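Chemist: Protein chains in written order, with the deposited numbering: chain B, 199 to 270; chain A, 198 to 271; chain B', 199 to 270; chain A', 198 to 271. A prime marks a further copy of an entry chain.
4 protein chains.
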Amino acid sequence: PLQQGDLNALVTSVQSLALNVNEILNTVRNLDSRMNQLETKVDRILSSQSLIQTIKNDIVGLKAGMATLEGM
Amino acid sequence: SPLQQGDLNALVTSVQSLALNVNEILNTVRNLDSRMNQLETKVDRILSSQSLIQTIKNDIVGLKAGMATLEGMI
Amino acid sequence: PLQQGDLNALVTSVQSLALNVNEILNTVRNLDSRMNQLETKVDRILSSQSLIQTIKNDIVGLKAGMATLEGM
Amino acid sequence: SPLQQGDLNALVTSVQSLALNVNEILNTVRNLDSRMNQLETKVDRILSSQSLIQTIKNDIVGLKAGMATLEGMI
Numbered sequence: 199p200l201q202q203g204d205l206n207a208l209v210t211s212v213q214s215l216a217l218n219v220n221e222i223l224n225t226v227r228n229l230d231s232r233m234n235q236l237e238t239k240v241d242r243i244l245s246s247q248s249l250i251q252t253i254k255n256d257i258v259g260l261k262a263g264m265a266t267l268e269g270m
Numbered sequence: 198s199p200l201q202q203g204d205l206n207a208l209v210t211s212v213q214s215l216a217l218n219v220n221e222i223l224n225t226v227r228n229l230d231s232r233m234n235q236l237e238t239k240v241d242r243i244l245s246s247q248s249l250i251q252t253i254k255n256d257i258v259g260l261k262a263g264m265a266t267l268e269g270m271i
Numbered sequence: 199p200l201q202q203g204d205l206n207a208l209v210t211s212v213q214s215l216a217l218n219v220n221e222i223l224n225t226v227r228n229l230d231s232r233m234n235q236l237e238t239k240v241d242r243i244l245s246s247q248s249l250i251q252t253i254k255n256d257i258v259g260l261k262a263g264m265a266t267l268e269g270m
Numbered sequence: 198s199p200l201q202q203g204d205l206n207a208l209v210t211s212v213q214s215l216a217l218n219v220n221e222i223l224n225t226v227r228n229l230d231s232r233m234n235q236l237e238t239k240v241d242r243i244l245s246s247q248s249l250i251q252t253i254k255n256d257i258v259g260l261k262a263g264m265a266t267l268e269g270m271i
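#1: Closest Cβ-Cβ distance between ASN228/B and chain A: below 8 Å?
#2: By Cβ distance, which residues of its chain are closer than 8 Å to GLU268/B, with the 5 residues on each side in sequence left out?
#3: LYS239/B versus chain A': which residues are under 8 Å apart at the beta carbon?
#4: For chain A', check one thing: does any of its Cβ atoms lie closer than 8 Å to the Cβ of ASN218/B?
#5: Residues of chain A' with a CB under 8 Å from the CB of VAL212/B: which are they?
#6: Is there a Cβ of chain A' sitting closer than 8 Å to that of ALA207/B, yes or no?
#7: Report yes or no: is there a C-beta of chain B' within less than 8 Å of the C-beta of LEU200/B?
#8: Does the beta-carbon distance from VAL240/A to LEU236/B' come in below 8 Å?
#9: Can you tell me the Cα-Cα spacing of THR266/B' and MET264/A, whole angstroms?
#10: Check whether the Cβ of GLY263/B' lies closer than 8 Å to any Cβ atom in chain A.
#11: Straight-line CA distance for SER245/B' to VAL258/B'?
#12: Taking the CB atoms as reference points, tell me whether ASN220/B and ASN218/A lie closer together than 8 Å.
#13: From what residue to what residue does the alpha helix (DSSP H) around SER198/A' run?
#14: Between the C-alpha atoms of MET233/B' and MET233/A, what's the straight-line distance to the nearest angstrom?
#15: Roughly how many angstroms lie between the CA atoms of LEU200/B' and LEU200/A', to the nearest whole one?
#16: On the CB-based measure, 16 or more other CB atoms within 10 Å of its CB, does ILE271/A come out buried or exposed?
#17: Could one say the Cβ of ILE271/A lies closer than 8 Å to chain B's Cβ atoms, at least one of them?
#18: Tell me, please, whether the CB atom of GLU221/A' is closer than 8 Å to any CB atom in chain B'?
#19: Alpha carbon to alpha carbon, how far is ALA262/B from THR252/B'? Give it in angstroms, no decimals.
#20: Please compile the residues from chain A' whose C-beta is within a distance smaller than 7 Å of the C-beta of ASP256/B'.
#21: Roughly how many whole angstroms lie between the Cα atoms of residue 141/B' and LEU205/B'?
#22: Hey, how far is the Cα of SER211/A' from the Cα of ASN228/B'?
#23: According to the Cβ coordinates, are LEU249/A' and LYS254/B' closer than 8 Å?
#24: Cβ of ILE243/A within 8 Å of Cβ of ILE222/B?
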């Protein structure tokens with residue numbers, strides 16, 4: 199007849215699995231928070247690409263206006 | 198003490214409780230997978246503009262040699 | 199006397215846990231690969247910051263050389 | 198068939214095998230946590246340079262008004 203103690207190894211194995219799963223949970227919740235931060239900052243970088251092409255358009259005018267000066 | 202059905206049932210509920218934590222992990226890593234894919238797309242867009250900077254650097258060098266030409270002509 | 203079938207619910211519960219853990223594993227291996235790609239591309243962006251300050255130095259000269267032209 | 202110790206032992210080994218997969222997940226998510234921290238630091242460095250672009254845009258606008266001044270003076 200099986201005894202309660204015959205289940206001990208299985209109980210301990212599940213306890214250990216639960217401890218390690220809990221640490222995964224803690225870590226992935228932190229990854230979720232980190233990803234929020236990364237997304238916000240990448241969106242910030244991407245918005246500044248407006249500057250880039252404004253600089254681009256202005257430089258076109260600077261090149262043209264300067265060919266004028268070279269002519270004069 | 199003889200092993201009883203209730204002892205096995207206790208482990209079932211423990212495993213099913215653990216399964217809820219596993220389910221949260223799985224939902225969250227799938228969400229992270231989708232969000233990292235979107236992040237890479239935006240990083241791609243930033244990269245494409247970066248060498249437009251290379252052209253800017255070239256245009257500016259050209260403006261430099263020109264302005265020297267103006268001064269040299271006097 | 200407990201019978202083999204009395205363990206069925208526990209066996210099934212562990213099978214389901216294993217299936218779902220396997221899908222987490224598949225997903226996190228994919229996150230690892232995605233992170234390699236992100237790291238490589240962010241390093242690429244960061245290196246181009248050299249351009250930025252080169253543009254910065256040159257513009258300083260353009261501002262100065264141009265004050266000269268304004269004087270002339 | 199009466200439940201036997203070997204039936205319980207089979208579940209122990211199954212759980213311990215599952216634990217190896219859990220261990221790989223845990224090692225990998227910890228590594229991802231470290232790498233996302235480093236990634237954010239590099240994203241910070243990119244952000245700091247981005248508004249140096251804002252100054253560039255300003256200097257270029259100034260060069261624009263100047264070059265018009267040169268042409269206007271003739």
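Positions of the beta carbon are idealized from the N, C-alpha and C atoms, including for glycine.
Modeler: The short version:
#1: Chain A has no Cβ within less than 8 Å of the Cβ of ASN228/B.
#2: none
#3: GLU237, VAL240, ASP241 and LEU244
#4: Yes, contact with chain A'.
#5: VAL212
#6: yes
#7: yes
#8: yes
#9: 10 Å
#10: Judged by the 8 Å Cβ criterion, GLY263/B' is in contact with chain A.
#11: 22 Å
#12: yes
#13: Looking at the DSSP string, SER198/A' is not in any alpha helix (DSSP H), and its letter there is neither H nor E.
#14: Distance between the alpha carbons of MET233/B' and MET233/A: 8 Å.
#15: 5 Å
#16: exposed
#17: no
#18: So, interface residue.
#19: 23 Å
#20: The contacting residues do not exist; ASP256/B' stays about 10 Å from chain A' at best.
#21: The requested residue 141/B' does not occur in the structure, where chain B' is confined to residues 199 to 270.
#22: For the pair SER211/A' and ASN228/B', the Cα-to-Cα distance works out to about 25 Å.
#23: yes
#24: no
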